[PDB]
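As structure tokens, the structure follows; a few thoughts come after it.
Please note: Cβ atoms are built from the backbone with ideal geometry, for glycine as well, and neighbour counts cover all protein chains shown. Values quoted throughout were computed directly from the atomic coordinates according to the rules given, and no laboratory measurement underlies them.
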Amino acid sequence: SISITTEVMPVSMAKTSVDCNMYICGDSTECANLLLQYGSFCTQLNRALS
Amino acid sequence: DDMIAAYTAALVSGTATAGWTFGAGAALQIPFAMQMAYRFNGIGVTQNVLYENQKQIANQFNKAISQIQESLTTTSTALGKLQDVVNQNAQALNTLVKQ
Amino acid sequence: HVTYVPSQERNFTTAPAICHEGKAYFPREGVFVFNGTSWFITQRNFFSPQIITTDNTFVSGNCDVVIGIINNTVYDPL
Ligand SMILES: *[C@@H]1O[C@H](CO)[C@@H](O)[C@H](O)[C@H]1NC(C)=O
Ligand SMILES: *[C@@H]1O[C@H](CO)[C@@H](O)[C@H](O)[C@H]1NC(C)=O
């Protein structure tokens, strides 16, 4: 007999990105100035997502 | 690096003088043309196709080796999967200092 | 895992092909070996010498191309 069988395999997922400043502080200026003192967290995070 | 170079030299020397045998059991000697004839049988071609035109096959092998060594003394991105790895490690440590 | 390992090797001298009457003869599955008195054909993994016949050998070309040709007789059951 001749039989055909199906097999499903995932290949990719969704590409995502985040604005660190907009998520943490929003529109606040004071929060942004306080966020500048937490250096090299947002860059290290965008690099992983990219 | 000298130990790894010794390992790969031993591996190439065993391949050139023994064949497929020094991975299954012990090493068994065989001439290189007969080894190449066996591999030609392996890909589905008879032994004569090697044996009447062995000289042009040897010439093509030598030319391909000489073309590889030319292309290595040329620009980058040939070894780009290795260099990238090195860069990543260094980059991580730099962050851990600036942090 | 149960596996097969070859055990005791032995030296022979060999040729790529033999020449009977102006024709090159190549083995089908095996190698030509020289026992010390006669030339046989044998499989690579086990030593079982077989007499060279027309059955286990095929013909291609003349005896003026292959490097390492030798002179020997090919038996025919006739
Ligand atoms: C004959 O076989 C032995 C091992 O069985 C090997 O050491 C020796 O080198 C062989 N003879 C030749 C001439 O290679
Ligand atoms: C093969 O060689 C062995 C020893 O070298 C000898 O005893 C034997 O008779 C030979 N085979 C034949 C068919 O003569």
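Descriptive notes on the structure:
- Of the residues examined, residue B:14 is one that is within 16 Å of ligand 1 (Cβ to nearest atom), away from chain C (no Cβ under 11 Å), surrounded by 13 or more Cβ atoms within 10 Å (Cβ to Cβ) and more than 29 Å from residue C:58 (Cβ to Cβ).
- Residue within region B:27-35 that is among the small types (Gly, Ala, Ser), more than 30 Å from residue C:25 (Cβ to Cβ), within 12 Å of chain C (Cβ to nearest Cβ) and surrounded by 11 or more Cβ atoms within 10 Å (Cβ to Cβ) present: no
- In region C:32-71, residue farthest from residue B:25 (Cα to Cα) [restricted to those that are within 16 Å of ligand 2 (Cβ to nearest atom) and buried (at least 17 other Cβ atoms within 10 Å of the Cβ)]: C:52
- Answer from C:47, C:40 - the residue that is outside any loop (DSSP other than H, G, I, E, B) and not hydroxyl-bearing (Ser, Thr, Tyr): C:40
- Contacts under 8 angstrom Cβ, first residue in region C:2-29 being without any contact (Cβ under 8 Å) to a residue 24 or more places away in the chain, partner within 16 Å of ligand 2 (Cβ to nearest atom) and assigned to a loop (DSSP other than H, G, I, E, B), 6 or more apart: C:12/C:35
- Restricting region C:34-51 to residues that are closer than 19 Å to residue C:72 by Cβ and within 16 Å of ligand 1 (Cβ to nearest atom) leaves a set whose member that is nearest to the chain's Cα centre (by Cα) is C:34.
- Cβ-Cβ under 7 Å pairs, at least 6 apart or on other chains, region A:9-37 side in contact (Cβ under 8 Å) with a residue 60 or more places away in the chain, far side surrounded by fewer than 12 Cβ atoms within 10 Å (Cβ to Cβ): none
- Output for region C:1-28, where each listed residue is more than 16 Å from ligand 2 (Cβ to nearest atom) and touching a strand residue (DSSP E or B) at 6+ places or on another chain (Cβ under 9 Å): C:15, C:16, C:17, C:18, C:19, C:20, C:23, C:24, C:25, C:26, C:27, C:28
- Candidate set from region C:38-78 (those that are of a type in the set (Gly, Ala, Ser) and free of Cβ contacts under 8 Å to residues at least 40 places away in the same chain); member that is farthest from residue C:24 (Cα to Cα): C:48
- Odd one out for residue B:48, checked against (1) touching a strand residue (DSSP E or B) at 6+ places or on another chain (Cβ under 7 Å); (2) exposed (fewer than 10 other Cβ atoms within 10 Å of the Cβ): (2)
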